[PDB]
Amino acid sequence: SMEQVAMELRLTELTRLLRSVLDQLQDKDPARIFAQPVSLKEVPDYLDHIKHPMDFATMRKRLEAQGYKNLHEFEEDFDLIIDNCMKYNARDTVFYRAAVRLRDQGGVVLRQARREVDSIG
């Protein structure tokens, strides 16, 4: 149908907007602390602590399969990245502190993305 195509055009433009958001969020992690999944070889107990691991490469695979239906779903993933880190790592660690900074800096990007998604439909 013609509707299914128009739908797919919007999903595709949402994907396009989310890719730009993702790149902007990821620039706020220049240390690449959140770039890849936590290694289960190097942190073998991790899944006893953290039930839903997340990271930027994993978000990017979902993104490119058009797996995000709306901004809310994408934000849930970003928030997992931060929240997981803030639980597993203690307050005085470079990792916790990197998550605080990514949260604070991404807030601005996410604020605008929500306006752009509402605005453009």
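Positions of Cβ are generated from backbone atoms using ideal geometry, with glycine treated the same way; all protein chains shown enter the neighbour counts. The numbers here are math on the coordinates, done by the rules we state, and not lab data.
Neighbour counts of other C-beta atoms within 10 Å: give me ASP48, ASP83, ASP23 arranged from fewest to most.
The most exposed by this proxy come first: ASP48, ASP23, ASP83.
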- Query: Among all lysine pairs in the chain that are eight or more places apart or on different chains, how many have alpha carbons less than 21 angstrom apart?
  - Reply: 7
- Gaussian network model of the chain, Cα springs within a sub-10 Å range: biggest mean-square fluctuation belongs to which of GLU13, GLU75, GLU42? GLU42
- Query: Which angle from 0 to 90°, rounded to the nearest 10, does the C-alpha axis of helix 94-120 make with the longest principal axis of the chain?
  - Reply: 10
- Net charge of neighbours whose Cβ lies under 12 Å from the Cβ of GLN26, counting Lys and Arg as +1 and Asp and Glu as -1: 0
- Query: Over what distance in Å are the Cα centres of the range 77-114 and the range 1-54 separated?
  - Reply: 14
- Hey, for a label at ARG115 modelled as a point 7 Å past Cα toward Cβ, could you say which residues of the range 1-28 have their backbone N under 15 Å away? none
- Order of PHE95, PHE34, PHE56 - criterion: other Cβ atoms within 10 Å of each residue's Cβ, fewest first: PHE95, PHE56, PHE34
- Task: For helix 71-88, report the angle its Cα long axis makes with the longest principal axis of the Cα atoms of the chain; keep it between 0 and 90° and round to the nearest 10°.
- Result: 0
- Query: What's the Cα-based Rg to Rh of the chain, Rh via Kirkwood?
  - Reply: 1.02
